[PDB]
Structures are given as C-alpha cells and as structure tokens.
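Report on one structure; see the data block that follows.
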Amino acid sequence: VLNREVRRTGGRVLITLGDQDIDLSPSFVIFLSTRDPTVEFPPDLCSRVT
Amino acid sequence: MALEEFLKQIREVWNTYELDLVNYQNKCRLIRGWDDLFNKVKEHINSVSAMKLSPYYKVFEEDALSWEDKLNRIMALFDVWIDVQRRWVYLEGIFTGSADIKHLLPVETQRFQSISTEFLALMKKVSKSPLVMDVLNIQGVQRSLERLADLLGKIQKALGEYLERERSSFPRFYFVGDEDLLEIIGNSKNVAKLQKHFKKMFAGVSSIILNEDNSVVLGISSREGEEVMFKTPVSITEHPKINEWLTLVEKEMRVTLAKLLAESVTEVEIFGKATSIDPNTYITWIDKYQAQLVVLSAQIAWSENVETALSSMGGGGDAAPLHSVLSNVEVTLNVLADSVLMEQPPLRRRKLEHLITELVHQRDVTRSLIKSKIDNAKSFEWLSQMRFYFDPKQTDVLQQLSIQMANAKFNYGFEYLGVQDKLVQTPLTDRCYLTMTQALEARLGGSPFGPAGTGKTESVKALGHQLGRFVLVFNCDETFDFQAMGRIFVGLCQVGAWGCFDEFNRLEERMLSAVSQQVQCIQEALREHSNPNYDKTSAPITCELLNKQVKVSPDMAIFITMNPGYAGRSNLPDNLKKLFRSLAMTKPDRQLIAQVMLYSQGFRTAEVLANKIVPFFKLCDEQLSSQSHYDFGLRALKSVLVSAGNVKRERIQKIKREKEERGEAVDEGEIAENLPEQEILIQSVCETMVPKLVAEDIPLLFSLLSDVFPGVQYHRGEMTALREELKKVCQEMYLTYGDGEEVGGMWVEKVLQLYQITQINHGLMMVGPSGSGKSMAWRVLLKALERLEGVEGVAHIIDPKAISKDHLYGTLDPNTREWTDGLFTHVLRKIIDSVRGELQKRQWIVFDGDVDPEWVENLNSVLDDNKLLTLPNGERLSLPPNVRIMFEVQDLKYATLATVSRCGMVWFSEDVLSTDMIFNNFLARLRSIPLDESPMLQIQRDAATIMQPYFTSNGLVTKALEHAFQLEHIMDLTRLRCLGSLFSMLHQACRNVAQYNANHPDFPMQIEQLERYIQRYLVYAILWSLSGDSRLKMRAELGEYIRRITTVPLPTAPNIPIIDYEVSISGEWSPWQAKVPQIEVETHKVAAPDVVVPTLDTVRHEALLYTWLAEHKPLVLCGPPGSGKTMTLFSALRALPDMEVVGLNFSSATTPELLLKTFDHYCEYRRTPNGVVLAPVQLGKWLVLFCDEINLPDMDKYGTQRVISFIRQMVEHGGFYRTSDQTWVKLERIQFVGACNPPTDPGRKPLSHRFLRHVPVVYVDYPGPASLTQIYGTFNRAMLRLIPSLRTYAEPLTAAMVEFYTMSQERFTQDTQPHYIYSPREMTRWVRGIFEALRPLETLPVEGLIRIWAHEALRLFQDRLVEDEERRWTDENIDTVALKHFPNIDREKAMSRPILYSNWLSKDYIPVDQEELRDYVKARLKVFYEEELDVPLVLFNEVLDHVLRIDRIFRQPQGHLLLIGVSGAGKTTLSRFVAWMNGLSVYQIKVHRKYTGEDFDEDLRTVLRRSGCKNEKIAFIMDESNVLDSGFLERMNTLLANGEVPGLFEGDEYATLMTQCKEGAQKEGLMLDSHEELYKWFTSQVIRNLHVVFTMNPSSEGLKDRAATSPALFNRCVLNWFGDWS
Amino acid sequence: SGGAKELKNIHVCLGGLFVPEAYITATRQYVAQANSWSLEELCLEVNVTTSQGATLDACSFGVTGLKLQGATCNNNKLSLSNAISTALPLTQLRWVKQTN
Amino acid sequence: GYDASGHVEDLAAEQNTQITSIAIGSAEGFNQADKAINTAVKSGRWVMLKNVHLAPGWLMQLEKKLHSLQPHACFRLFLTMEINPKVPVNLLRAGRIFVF
Amino acid sequence: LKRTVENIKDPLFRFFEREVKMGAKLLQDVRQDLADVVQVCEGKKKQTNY
Ligand SMILES: Nc1ncnc2c1ncn2[C@@H]1O[C@H](COP(=O)(O)OP(=O)(O)OP(=O)(O)O)[C@@H](O)[C@H]1O
Ligand SMILES: Nc1ncnc2c1ncn2[C@@H]1O[C@H](COP(=O)(O)OP(=O)(O)O)[C@@H](O)[C@H]1O
Ligand SMILES: Nc1ncnc2c1ncn2[C@@H]1O[C@H](COP(=O)(O)OP(=O)(O)O)[C@@H](O)[C@H]1O
Ligand SMILES: Nc1ncnc2c1ncn2[C@@H]1O[C@H](COP(=O)(O)OP(=O)(O)O)[C@@H](O)[C@H]1O
Ligand SMILES: [Mg+2]
Ligand SMILES: [Mg+2]
C-alpha cells in the first residue's frame, strides 16, 4: 500500500493486501502517527513515508 | 561334542522351565521370579555367543542360531511383560479401591476397564500354559504386550489431576513424583512396596515396622537401622485408606518421640548434677534412646543445670555453682572420650560422637559464662545462648519442650531425624543460629550468603534439625519458575516443613520478583499464627497460594543460601530481599571443627593434629601452584578428616586381626596408646590430594608434609589382586600395563588413584588434556572391579553439552505442569527403581564432555552430602550408594569453586600416556585384530614386524612428531590426531598388500618386497599425517628433516620434496607427476562443475582422501574458500563406490537438529537385541555426511559448540542419545567428513582438541599461479576449439585471466569488505561465461573475444565492489591486462567502456547498444506496467546495467542474487521486472506481525512444491526485513546451498510431496517409483527452477554478521552492490 | 647468583608480587621452620625505618612500597594525620614467638 | 538497595484506601495487573506494580493502554522500578517520576 | 628458578618459584602479542581473529 504497487487489469485496479486482492478506490488515503519523538524507524519504512 | 551338550542342556531347560505364577487377590495369577528368568536367558545367550568362537560351531551353527533367536524373542517379550504387569498392578489398585475416580474420570475408567479385560484374558491364557515356550508361541503376544504398555502409559499420564487431588489429602505426597504416588496409592493393600518411598516423605523415616499380618504399623525405622516403637500402634485395618493411616503414623511418630523424650529427660537428669558417672549406666542410657533424643536430653539437662546455677547466683557476690556445671560436663566428656577410644557398635559410636560435639559446645559456653562472671539468668550472654526448657507438667506431650534463643521461642517439631551428621558448633555457627532464629521470630526468611564451601546449607539444616523440623533442600535453577515455586511452597506450608533453596539467585529476576509475593503472603499467615488474639479452636490459618486457599502450618520456614560473588547470578529485587534476614558466612572456623571431629573420632592428639592439618591446608593452597582443579577448602578438610576416622578404625581392626594370629593379648587401651595418628592423617591427606596434583607439585606437597609432620612417611598399600586383575584386563584390551617406573606405570598409578577416589567420593572428576588415557583408565578399572569383586559394572556415558539442558535434566510443561525426564534424570530414576536389578550392580555415570556452571550446578545437591537431585516439580531423587557420578573433562577453566570442591579429583598429565604406550596398543591391535573383518592377519603381522623398529623409543615416528610440533599448522596440533592418521594410513597399506595379493593369486608379495613397500609407505604416511594439515613449505621442512634422520631409502632427486612422491606397490618411490597427464577437455563440459584438471595437489589430495575415506575415518578438509576442498572430496568419492554423500551446510545457528533431520530423511532406526541401530535406508551403502562449514556454529560463552560435541560423541562412542525416549542409538555405515576455512578467518572458531584427535585434517590451499595456468589453460584450449581462428589465443587469454585474477585477489581482501573473497571459483565462472557467449557463434574476431573476456571480468569482479575508486581501479586494470597480453588489436572495438551484452535483441548473447537497449527496455516496461505492476520507473544507465546483471543471474541454474543497496532503490521492482521478462513467477512472503517460523515453513513448502513438482520457474524475492527470526535464515542457507531442506516436509506433507513428485515426474517422461529417486528428482527440479533474490541494506556490522549467519548467501549467491543512486 | 639463601636478604615490594599473601605466609613458615615452631605460634611485629637499607635480623624481612593511609609513622609511632597517603620507607616484618 | 513499594503501602494505609500490589515478573502477574487496572479505573481503587523494569515490552503496551483511558478521579497507578535504561521513554514521559 | 633437593624444602624458594614461573609465562605471552601487533601494523602478517 505504501509502495503503491497497484495492478491495473480488466478495468480493475487491485491492491494485494496479504494473500487477498482488493479493489483499490482512488479516494483512499492513510496517515501513520506516533506519540514517541525518539522512536527509530528502519530505513525501509523511512523510504515509504513522508 | 561339548557344544551339542550345551545345546541339549538349553533344550532340556526350556522344555520344562515354567514361568512361576502367584495368586493376586483372587483376581489373577501374576508372574514372579523375574531375576531368575532374566538371568537364565542372559546366561544362555552368553553361552550361545561364546560357542561361536569355537572352531566346531559350524556343525551346530543353525540350531544354535535358532536358539539365539528364541532367546532374544524371550528377552523381548518379558522385558515388556514386567513393566506392563507392574503398571497394571498399581493402576488396578487405583481403579478398584476408589469409587470416586470412576465418576471423576469416566472415559479413563472405561479405557482401563478394556485394558484390564484384555490383560486378564492374557492372564488366563498364561495360566493354562505356564511353560515359557508356549507363552512365547502365543499368537501376537509381543504386540499385545507392547499395546498394553502404551495404553497403560496413556492412562498413567491421564491420572494427573487425580494425583493432585490425592496430594491435597496427604501433603507429603507433594514431594513425591507421579509414578511413585500412583505406585503408593495403587499398592495400599500391599504395604511392603511402600517402604522404598518413605524416605521421600520423611526426614528420617526410611521404612516402617509392620507386624506379621502386615496390618498394624508397630513403629518406624531409619536407614542405618535405628528403630522407634509406637506407644500405641496404628491399625491399617481400622483405617484402610492410605492417607488416613499415613497421617496417623506421622502423628504417632511425633507423639512417641515426645513421650520417649519425656522418659529420656527424667532418666538423664540423674546423670546431670552428679559428681561421678558410671560408664555402664551411661552407655546403657545412650543405647536405650534414639540419637536425636539422647542429644536433645543432654542439651536440656545442661540447660536447666545452668538455669539453676544462675538462679542460685542471683545474689551477685554469692558462690558460683557454675563451676559444678563445668565439672559435670567435664566428667561426662571424659567418659565419652574413654568410650570413643575403644571399639564400639557403629550406631552407638555415632551417638557418642554427637554427644561429644554437643558437650564440647556446652563446655565452651560454660567456660565463657564463668569467665565473664555471669550470675543473672536474664543476662543476654546467657539469653543469646540456645536454651532448652522441659516442662513435664504440660498436658500436651508435643509442647513440654521449648527451645529459646534470645527472644525467639520455638516448639520442637518432633520429626523423626534418624541418625544424621551434626555440625561442630562454631562461633560462626552460633552467629548463624542467632540470626536465623531472630529472622524466624520476626516471621522472616533466613539468608546465609557467602562463597561456596562455608557451611550455609549445612548450617540451615543443622538449625532445622536442632528444632526437630523437616528440612528440605532444593537445588534451584532457572527452571524454578513462579508456578513450580508456588507448588513447592504449598507443599511445605501444608506439611509444615522447612524449605532451603540453594543457588536461589540462579532463578530469573522476573521469577524472583513473582515469588516475592508468595513469600510475603506466607509470611503474613505465619504472623497471624503468632497473634495471641488468635485461638487454636478457630478457623485454620490459611494464605492464598496459586489462587488456592492453602493451610499454613506454623512450623514451616523458608531459607535461601546463595553466593553473591558469582558473576552472571540474578540480582535479588529489594522487595524480595526485605523479606529475608541476611548473614555473611565467609570464614568458617576450620581449626575448631578439625579439633572437635578428631576428638570425637578418638584421636588422642586431636589438638596437635588439627593445629597441624589446618595450616597444612593453608600452605597447600598458597605454596602449591595454581590450577583450576585445586581445592583446599572446608569440603576438602572435612573429607580428609572423615577419611582419617575411617583409616583409624580400619587400622585398629587390622592390628587386632594380626593379634588374633599372634597370641591373644588384645588390649584396646594399648592399641590406642601405640597408634600412629599422624601417619593415619598423612595417609588420608595423600589418598585425597595426591591424585589431583600435577607432577611438579608432588615433591612440593611431600616437602610440606615433612615440614608440618616431620618423621612421618606415607606408603601406599600394595593392592596386588587389583593389579593382576588390571593386568589381565590390559592384556585383553591391548593396553600397556606397567609397575612403578616401567612403561605404563604412571597410568597404572593413576588407575589406582581413581580407584581409591571412587571409595571415598560419590562425585569425582578425572581432569586432563585430550589423550591422557582417562577413558581407558576408568573403563579398565570398571572391568577389573567386575572381575575382582563379582559385581557387574555398568557405565552410562553422557555428553551433557551435546544436548540442551532441558534434554539433560528434564522439562516441566508450562501449561499442563507435566514433567518429562531428561537423559540423566531418566538414567538415575531407572537405577533407583531397580526394575531389572540396577541397585545390585556398580553404576558409573560418566559425563564425558565440557563442564560449565549452567548444567553442572544442577548437581550441587547431588555431589555434596545431600546426595539428592532436586527437580522443579518438587521431586527429589536420592543417590544410591552403588552409583558414582563421574566427569571426563579436558579442562575446568569454566567450572566454579562449588563444583570443584564438591568432587574428588584425579589429574591426568600428557606424560601419563606415553607415545610408546600408544605404539604398543596400535601394534598389538595390528597383530591381533584382522582388518578384513588368516592371510590378511598374516600380512598385518608381517607389516608389524617390519614397522616395529621405527615405533620404538626415540625412533623415527617420535622424532618426526617432535619436529612437527615446532612446525606451523592450519589447526592446533595434537599427538593423537597425527597418530590416528598414521595408523589408518598403515592399515590402508596392509589392505593394499592384500589387494595386490588378490591381483596376483599365483605369486603373492614376498617378504622383501613387503619390507621395501612398508618402509617407504611409513615415510609417506608420516609425512602426510604430520604435515598434511600444513602449507607446502612446512611439508618440505618435515620432509628434509625426515631425510636427515631416516635410514629408509628415499628419492634421489635434488630439489623435489619427498611429499611429491607416492609409494608404488612394488616398493618404489614414484613421482606423483607421473599421474598428472596433460588432458584435453571435451568442448561441451568446459569448466563443468564435475570436470577436474589433474594436478600434483589434486592427485595427492585425492589419494590421501581415498586412504582416509575407505577406512570410514572421519576427516576435515581445511582451506581458503574455493580452494577446491569440495571438488577434491567429490573426486575421491567418485573412486569409492557404495558411498553416498549427503551435504549439510553449517551456519552459526547450526544445532544437532540438522543432523537429526538428515538422519530422519536418509536413515532409519531399527530395534535389535543389542539396542537401537541407525543405518542408511539403502542397504550395502556407507553414507558420508559432508559438513561444509563445520567450524562456523556458535561457540557459547563456555567455549563449547554443541554440534561439535554431538559429532565427537557419534565418532568416539559410535552413537548418540535419542531424547524422545532417552535411548542409546548406535550408528551403522555412517561416517563424517567436514569442510572449513581456517579458524583465524572471521566467524570461524577453533575446533576442540577432543574432536580433532579423531579427525585427520588435510590443508587445501589455493592453486598456485602455475597450477591455475595449467588448469584454466586446459579449459581455454578446450573452449576456444569452438572458433578455430582463435586457437592461437589459448595461452594469452588464460595468462590474462590469471594475472587479473591475481591482481584482484591482492587488491581486494576481507580486511576492506567481508565479501571480498576471490578464488578459482571466479576463474571457473569466467571460463564458463566466456564459453556460453561463444557456443552459438560461427566466427568471432579477437577483439570480440577480448570484449567478452572484459565483460565477464566486469561481471565477476567489479559488481561486488562498494566504493567508486575500487570500480575505477578494476575498470582501468582490465584495460591494462587486456593490452598487456593482447597487443596488435584495436582498443576501441574491444574496450569501449559501455560494455553491455544481452540476448534480448537477438537469439544469441551478443554485445548490445545502450540506446537500442534503452528503447527495448522502455517498450518492455510499457507492457510490464499494464500486466504486472503499474509503477512508472525513470530509466537510467545503471538501471540498464542492473537489469542485464539480474537477467544473467536468472538464466543460470541455482541462480541466486544478493542485491545490496539502499531501500527505495528499486531492487525489488527491477527483480520483479526481470523475472517477468524471463517468465518467472514472483513469490514474496506476506509478512505480518503474527508471522512465525511455521508460516515461513509453509511458504517454503508451497514454493518448493511449485518449483520442484510443477516445473515452475519462481523468483523467490525476499528482503532482510522479512527475516523475523534466525531459523528463517537457517532454512534459507540449506535451500540456497543444496536446493532442499531436510526437515521441511514431514508426516502427511512428505506423503503429499511424494504423490505430487510422482505425478510431476510421470509428466516429464521419467520412470521413477522409489521415494529416494523421486526426492532426488524433486531436488534437481528445485535446483534448476528456483531463483532466490535476497535484498538488504548496506551495513558493515550487519553484513559481517550476515556472512556468519548465512554463509551460503556469500558463496552460492552472486552479490550485486547496487548501493545508493550515484 | 648466591643460592636460595639470598632470597631472605632481598627487599620486596609487596605490591609488585602477584600474591603477597603467599609471601607473608612463606616468611612465617620460614621463621617457624628455622626455630622448629608452628605457624600459629608466631606473631608478627612491624618496624618502620627512616631509610631503607638497614640491618636485617635472621627473623626479619624487608618490605617496600607500603603506603600508610590516614596516619603518619615516626619511630614506629603512629599518629593521626590529615594527609591521604604517607610513604613507609622500609618495613621490617619480624616473626617472633607469641607470648599471648 | 532502595524500594518505594513500602512507601506506597504506608500511604494507602494512611489514606484508608484499598490497594492491590502485584509483582510483574510472572505472566499470571501480567494478567492480574490487567484485571486489577481494569477494575480500579472504574472504582477509584489503587494499583501498584513492582519491578516493572523487568518487563519493558509490556511497559510500552501499558503506556499505550493508559493513554486511551478515562479512569475514576481517585484511581492511582504506582509503578515501582529500579533506575534502569531499559525503561521505555514513552512511559517516563507519560508518568511523573520520583527518585528514591 | 633452578629446583634443588634442598631448595624444595625452603618455603621462600617455593613461593618465589611460583612467582617467577607465572611472571615468565605472562611476560612471554605479552611480548609475543605485542610483537605480533607490531608486525600487523607494518603490513607483514595477516590479522587473525585473536
Ligand atoms: N595403558 C595403555 N597402554 C597403551 N595404550 C593405551 C593405554 N591406555 C590407553 N591407551 C590408548 O591410548 C589412547 C588413550 O585414549 P583414552 O580414551 O584413554 O584417553 P582420554 O584422555 O580419556 O581421551 P579424551 O581426552 O579424548 O577423552 C587410546 O588410543 C587407547 O587405546
Ligand atoms: N560447623 C560445621 N561443622 C562441621 N562441618 C561443617 C560445619 N559447617 C560446615 N561444615 C562442612 O562444610 C562443608 C560445606 O558445607 P555447605 O553447607 O555445603 O557450605 P556452603 O553452603 O557454603 O557451600 C561440608 O563438608 C559441611 O559438612
Ligand atoms: N584441478 C582443477 N580442476 C578444475 N577446477 C579446479 C581445479 N583446481 C581448482 N579448481 C577450481 O577451484 C574452485 C574450487 O571450488 P570449491 O570446490 O567450491 O572449493 P572449496 O571446497 O575450497 O570451497 C572451482 O572453481 C574449481 O573449478
Ligand atoms: N527506477 C525507479 N524509478 C522510479 N521509482 C523508483 C525507481 N527505483 C526505485 N523507485 C521507488 O522505490 C519504490 C520501491 O521500489 P523497490 O523495488 O521496492 O525498492 P527497494 O528494492 O530498493 O526497496 C518504488 O515504488 C519507487 O517509488
Ligand atoms: Mg550450600
Ligand atoms: Mg576420553
């Protein structure tokens, strides 16, 4: 989801969540939050978020 | 003719031998007489086995074999029958005598009903035909008994909650195991079987006394034999239920002890305050009452005497009758000393010793009181003393005695204590008593702390026993968790007993915190007991434990003895520590204890002896050298003093025995007067301390003895008969026996030393470097004792560090609280139960392995005076007197002071086992044991005759070994590794002579040819056994030294080392170069994984490997990665048919479980009359376990690798322990080959010397420039026959490769980056890559070939580089080497820097323009966006190069990628795009927060089913973030290296895999039905189809740890450093 | 160079020794063996010299490097001091028969 | 060497307020702590958890649980711990620290 | 120190023998270690794990 790995096939936009594919609506948006300012994030998570 | 007599006797025995039956409760006829039946079967089996040795056995072979079979079948059936019967018995008693269990457990009751129905039908069938033969002929009786055993066991494990509910009734059952509790409950009627369990439930009750009917309990007995008669007997008939009459027995025991004390006091009061004591009346009084009661009465009488004196002195200035109390104690002590000087019955002697100790304390206290002018009974220096007030007017007998110390007051518990050792009452002991009694009065726990061996545990036990309390010691470890501690607390609270937890800081800190609240609530319950407001006629005091309301008896206490000085111990939280009162116990009074013990044992010079022995121990501690196995503490002195007492008694007995045969003037007083007490003490000191000393310390300790004990000499008793028995055993085991200074004399002395250590210590260690004759010493001692004493000796050898501690000691189930025995627990419990007469045999439990505090400290209560193994389920197992705990170790650098002080010591030096002894052993086995399975024996005897002159003292081999120790070797050098390699090579030479005789049946080899062959082969074998693990220059050094010192003829070549020669069977030195022809390789297997170019190193290493392997000797190949170790081993195995190799790839996390899974797949376990045998599934085949990284697996903090210990156990002992049922499994047709890098490499650990002594090591270095030129020169000549016009370029191209490779191997090393390893593997890949780019080409100019060469160099060398300057250097030096070896070419057409090759724009892999490739990649990404992933990508040059590299790797079998770069660089996206370009399905594991190892295993099974069964090409793309555990990487390492996971498919999964592989192989047109062949095909399909792409971020520490964690990732995967965007 | 008898005359810095306890016990054992006494029958007397290199009795051993913390020693006479450490030039340890 | 659990117990005794005290080490300790906190937040009851520094991972989840909670005004949660770097920073910021 | 039949009876010689033995062992180990470190720092011998 954070990588925006969408598959557009058969007029359908699919996002693969776990083992299940879901029709992704264009109006979806996600905000990740934390209350700890000192938490360290791994570089892979840092590359996928703003 | 006598053999037929033996067969006839066996036939007549079993034609009439009937199993003996006995009526059981009119319910059936059970079988008794097990010992007789088993002994008869065993001795007939022994006779049948022995008659095979006779040369007349053949005529009677068949029948004899038949009988053997029958005997074994018998030995099968009844070996089950008994257990079944035993179990059934108590199970029946449980399902018939209790009607509540039927409603409580209906399903279990009905299951047991069916089981008992079948059991009784079998009983009736046995009753009709009691003959053993017909019982054995019952149809399916074996399977019937096996099924009955399984079913009865299941019912047993089902009855657990019933066991708990019954434990609630009689709380002492809380300290009895489930097996024993079932046996007690089910055998309530047959009370005799209860006897063995009383010592579990009582402090001193070892057995109960029963009337003739066995229906009335008349009294109780101790282990020694002391008996107490109940004042009123307890009738079992009146109270049939077992817990009821057990409670009555306990109450009557307490009341009887109270009444006996009431009588003992009123009789001893006469002895007190009396001027003179008649010895006869005194000794009669001591004999009349129990030792506990006698000491208690003496303490009382002294107490009221002192009270009367102090009350009389209330006037202050009045006369002091305290002197009269002193005088009475003096007179009584004089009588006691006079008694102990003369011989006494042992029980009476121990009573006298206890009386002496107590009255010595009383004398000291009275002297202190008189010295300080004490005249008031309320003064504290009297109140601080422990006082005893007895009030006969008290109505309750249990309350007549009160024990008071300071303000603390206690009631005597009246627990029967039997006869127990009582401590010397030292000032430290007085302080301990005072502090602990103050803690008890405050309802606080006690906490003695200090270094090991100071008396903490003993002091707590002595305090409890002085109060008549049942004291229970627990050897705490990390498995004593919250629930186990809670259950133990419940048991002690309901019983009212004292709990002493030693090593209590070995619990986890969280568990200590959790246990604190149980301790707090129990302490509150004790305080409500103290509350006077509380009345005894009210609700019983109760606290909440484990969410249950548990009654708390006021007599219980909780004590913890610990050592804060040990590092790694858990710190106690403050809230826990405030619940305990702590006392430091650091400096025990050694002199006082020594004096009191010597005075009580009867030594007249006790003062002088103690004043000499204690400073002697100090001088031994300080003057003698420092060794880890040295202890001169309180335990050592205590052992010496007890031994001195024993030696004094045996010397008095010997003196009177000599007097019997010389007159009759036997006066015990005269013997006491003329008795060498100092000589006795010297004898004890020597027998206890001499075996532990190193050679240089023995004269030091003798000089100390002369200094402290002048004129006293110690002489060992000449133990002849034992020495002839050991000599016979040495003769029959090919061992060297010597006497004194002869060869083997030191080892024989060490054997004798171990013998007298076994007679004084139940726990002992033999410590000495690997190869010191230790194992042979104890084994030969065991056999000699078996022959001399008639007692069968059985040894259980455990490698405690080859298994987990849970598998060693056992596990308490977290949920069901069910206990599973460990290996040592199971063995000791089997010995204790004595189902098959284990208690009548000598039982030696030998821990042959490394000692560390984690596992050995669980034996602290076993090795000390407790002799108890304490388990976290509250069970304690007593060590039987016939059991010795032994440790066979090479060092003790990780053992602590407690373990060292808790075990006798025998030190073995390297000088104990001389090299001549080893040579004699080898030559004796050569001359006696034939190698074939006699002409072969004749050949061996002749070879031994030839080799004997070189195997003498200061001979050829000894000098060679001495010189080789000075040489440098890739591993540590040990004597036995070289000697074993040499002996195996000589055995191979004997087999070579035999095979030559086979080739020439007409003219066998003569003696002269044999001599010339054997001498040269001995030189050759010495060379390869002493320098085969070293580099070339060391080999030349050893060879030239041999040339200097040898008389054997040698090659006359001037500058060629002897190591370059073999020995032909005609006894001539022939150069190895004669077996290295210049081969021309067929063009289609150029640089193939199987092709090997013959070289001097290849031919020599292959021959040595053949020699070691054909003997099944385990071996290790060591060398730099890519040195050709695996290649050489496979080449050697190709010359060995009937050998199947199986490759295991070790990582840092490798455990024995990998080997176990490999055995599960490739081998089978089978029952044989001699045990479990693990053998390869394929018959007639020897299986080689090839471990590729044997020295990588993690070394723990105590220097032990578990898998190395396990492999050592398999190699030396021929097997291991199956931990599911704790059974010994013997290996058959399984050998071991390991490969490794030098231990100095990062992540590599040195191998244990005990492992190396069995394992010859061969050093395989990188091929030198000439060898590389020759090998790859042949490859190039083979490959460039594709284009004839390029033939003349074979030599330059190879040269170029070599030069560049060499330069690369110099420019980039592991110091810079952990993955900068370059080996001939790069050269092989270079040749293969050029060859693949040449096959479909009809012609090519030289510039095109140079372009291919440069492109392959860039792919192989530059792609792994991290820094830009390294890549620049590689790029420039490619041009440099290219133009150095290939002049007269156009530079631009061959070295145009954008060197790109592809097969995307053409059928063939040809150079591709960057712009055309860019257009093609854009066109393909256009389709890729709409078909797989709609993520637009910006396309730059590095992306094009990266996708070309990924395509190259995806077009190779087992093509695995290690993409290292910053996150977000597009590694995964590019991998998926290239996989889509190649028709590869992309697989990624869907990691979530709850993703575990089982999920990864299922994903691996899915991907392997798709890749190996469905022939689907899958790119398994996985990131480092996907690795949630190290097991993921352990699975991935094996999958990368071999394309198979040994344990991934098990059970139904394996059957489904077999079905799918069958249906997939039938689709491929192959005829495969066998599971092995189908699995091999599946592995090959996985190899060719699956491509693993590992993605990870650059991290120096992370990458370095990654190399050790998953080695295959750096040698089976192509590494691509994408890094960050430039 | 001189034999083992020269070990008794040499002054020893107790701190430099790896195990000074063993040195003290060895000196006690030496004195007890010279007079055929026991270790427990010897008591230790301490003499502090103004300068090193003094007359060593057969039962006396020289020790250097001892640092007196909290006191000063004049004429084998201790007095309370406000200084942290005071160097003791040479300490003669003499093992003599105990008169209790 | 110092422990403030006794201070909390004495404080609860003086205020005549009931308090449940739990050691944190055991898993049953975790379950009892959760139940006691859930009961106390609805009744003003006092909860004390001792040696919480031994369970930092559980401490983070405890902080997250406490953040989304509106307990009774009289409810008080005491967390006794050693001065340990393993204690989570978020818990330290959420609560008020007293050094003993 | 050289062991002698009459030197073994001297407690001072015994203690000093222990002293000199352990001191010589430690001295040899430390000197060899420092020489190896020097040779490493001159780029003449390869760095082992120890
Ligand atoms: N008395 C003897 N005379 C000759 N050879 C002997 C004698 N005793 C043992 N050996 C041989 O010498 C070797 C001694 O092996 P042993 O197992 O006794 O040594 P160890 O010190 O216990 O070994 P490890 O330290 O590996 O456990 C074996 O090869 C054995 O056969
Ligand atoms: N007062 C004493 N009298 C006699 N022997 C004692 C006495 N105190 C301790 N010991 C002995 O000291 C040894 C170690 O005692 P133990 O309780 O195991 O010490 P610790 O708990 O400090 O390891 C044992 O041999 C024990 O019998
Ligand atoms: N005589 C030879 N013939 C063919 N290849 C050789 C020869 N000597 C060395 N090699 C090469 O050396 C490398 C050895 O690889 P490998 O067997 O994995 O080494 P190791 O077992 O030391 O890790 C391969 O590239 C192999 O082709
Ligand atoms: N060449 C590229 N063009 C466009 N975006 C890219 C490119 N390489 C990486 N990215 C970015 O990185 C994201 C993740 O790509 P991925 O292959 O998962 O990277 P990595 O393997 O480095 O973790 C993409 O969704 C995109 O936002
Ligand atoms: Mg103890
Ligand atoms: Mg051994």
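Every chain is numbered from 1, with letters handed out A, B, ... down the list of sequences.
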What do you reckon, is [atom1] of [X] surrounded by more than 12 foreign heavy atoms closer than 6.0 Å?
X	atom1	answer
D:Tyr2	OH	no
B:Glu1597	CD	no
D:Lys86	NZ	no
B:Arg165	CZ	yes
B:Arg431	CZ	no
B:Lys548	NZ	no

Do [X] and [Y] make a side-chain contact, defined as non-hydrogen atoms from C-beta onward lying under 4.5 Å apart?
X	Y	value
B:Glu509	D:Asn51	no
D:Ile22	B:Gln517	no
D:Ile24	B:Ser513	no
D:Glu28	B:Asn547	yes

Contact class of B:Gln520 relative to chain D, heavy atoms under 4.5 angstrom =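 Contact with chain D involves the side chain of B:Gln520 alone.
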query = CH2/D:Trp58 to CZ/B:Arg510 distance, rounded to the nearest 0.5 angstrom?
reply =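 Those atoms lie 13.5 Å apart.
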key: Minimum heavy-atom distance between D:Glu82 and B:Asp574, given as atom pair plus value   =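 Minimum heavy-atom contact is OE2-OD2, 4.1 Å.
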